[PDB]
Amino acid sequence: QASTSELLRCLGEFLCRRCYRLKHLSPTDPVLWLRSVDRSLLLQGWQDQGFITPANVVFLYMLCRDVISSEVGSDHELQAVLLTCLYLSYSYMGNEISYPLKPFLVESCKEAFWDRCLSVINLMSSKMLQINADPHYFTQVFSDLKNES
């Protein structure tokens, strides 16, 4: 549907289906990890308003479909890649100039989070702009996200 909760749930169902190795992943786990970052950033005064809206979830799903390997081998690794894609969404689409790393980091190896940032940007920077500039592309993505449920 058109609501944030629905699309978050489509996104969650998409991740369980893509990451077929993760037998104990719940489709609510990804919603829980994303809601948690957003509420944290708000309560700690990093943003005035929540980032998770319908357009931004579509934006996030566009990164995820192309970045998250079907071969992710643990729920922890999935959380780390998703949180990377989320951090890039905030940096690119968020209303604040900057966002802290802390809520987005779940790995002990910091260098790997940054390497993954650079590598997602090198794959995705063209599509990140295209989904803004091309309204029919935004529509295609929004439509695929809904058909995830």
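Just so we're on the same page, rigid core means the largest C-alpha set that superposes within 1.5 Å between forms. Residue positions are given as counts along the sequence shown, with the first one as 1.
Enquirer: If you line up the core and then measure how far each C-alpha sits from this form in 6 other deposited structures of this protein, which stretch comes out higher, 36-44 or 103-111?
Expert: Once the cores are fitted, 36-44 deviates more in 6 other deposited structures of this protein.
Enquirer: What stretch has the higher average Cα B-factor here, 85-93 or 104-112?
Expert: The deposited B-factors put 104-112 ahead on the C-alpha mean.
Enquirer: Would you mind ranking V58 by its C-alpha B-factor against the rest of the chain and naming the third, lowest, middle or highest?
Expert: Tercile = lowest for this residue's CA B-factor.
Enquirer: Please say which third, lowest, middle or highest, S26 falls into when its CA temperature factor is compared across its chain.
Expert: Middle third - that is where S26 ends up once the chain's C-alpha B-factors are sorted.
Enquirer: According to the PDB entry, is the CA B factor of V120 in the bottom, middle or top third of its chain, that is, lowest, middle or highest?
Expert: Within its chain, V120 is a lowest-third residue by C-alpha B-factor, going by the deposited values.
Enquirer: For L43, does the deposited CA B-factor place it in the lowest, middle or highest third of the chain?
Expert: CA B-factor rank for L43: highest third.
Enquirer: Within this chain, which third does the Cα B-factor at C64 fall in: lowest, middle or highest?
Expert: Middle third of the chain for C64's C-alpha B-factor.
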